[PDB]
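> experimental coordinates follow, after the sequence.
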Amino acid sequence: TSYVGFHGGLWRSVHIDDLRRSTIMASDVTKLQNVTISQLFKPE
């Protein structure tokens, strides 16, 4: 909160929460919002 933000001019403000890609969690949080924890383990 103590960081000044949306500088204009020749700058664009985008927010990347983690720089490194994770091969563990899927990168779409809504798919995780559909299912519950028991439904993560459903086999083929």
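Thanks, I have the structure now. Numbers count the residues shown, from 1 in each chain.
> start and end of stretch 16-27, how far apart?
End-to-end distance of stretch 16-27 (Cα to Cα, to the nearest Å): 12 Å.
> I meant stretch 17-27, not that one.
Stretch 17-27 has its terminal residues 12 Å apart, counting by Cα to Cα.
> tell me how far that stretch lies from the chain's centre.
Relative to its parent chain, stretch 17-27 has a centroid offset of 8 Å by Cα atoms, centre = their mean, to the nearest Å.
> same question for stretch 36-44.
Averaging C-alpha positions (Cα atoms, centre = their mean) puts stretch 36-44 21 Å from its chain's average.
> cool, stretch 3-23 as well?
Remark: stretch 3-23 is offset 13 Å from the chain centroid, using Cα atoms, centre = their mean.
> ends of it, how far apart?
Its first and final residues considered, stretch 3-23 spans 31 Å by Cα to Cα.
> and the contacts of that stretch?
Applying Cβ atoms under 8 Å, 6 or more residues apart in numbering, the external contacts of stretch 3-23 come out as residue 27. All C-beta atoms are positioned from the backbone trio N, CA, C, and that covers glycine.
> go on, stretch 27-44?
With Cβ under 8 Å, 6+ apart as the test, stretch 27-44 has contacts from 21, 25-26.
> redo that, cut-off 10 Å
With contact meaning Cβ atoms under 10 Å, 6 or more residues apart in numbering, stretch 27-44 is reached by 18, 21, 25-26.
> dump these into a markdown table; add distance to residue 3, neighbour count and secondary structure as well.
Shown next, in a markdown table, are those (distance: Cβ to Cβ, whole Å; neighbours: other Cβ atoms under 10 Å; DSSP: H, G, I helix; E, B strand; the rest coil):
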| residue | distance to residue 3 | neighbour count | secondary structure |
| --- | --- | --- | --- |
| 18 | 18 | 7 | coil |
| 21 | 25 | 7 | coil |
| 25 | 27 | 8 | coil |
| 26 | 30 | 9 | coil |
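> and these, which two are the farthest apart?
Between any two of the contacts of stretch 27-44, the greatest separation by Cβ to Cβ is 13.5 Å, found for 18 and 26.
> returning to that earlier point: can you redo the contacts of stretch 27-44 as CSV with distance to residue 11?
Below are the contacts of stretch 27-44 laid out as CSV (distance: Cβ to Cβ, whole Å):
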residue, distance to residue 11
18, 22
21, 25
25, 30
26, 31
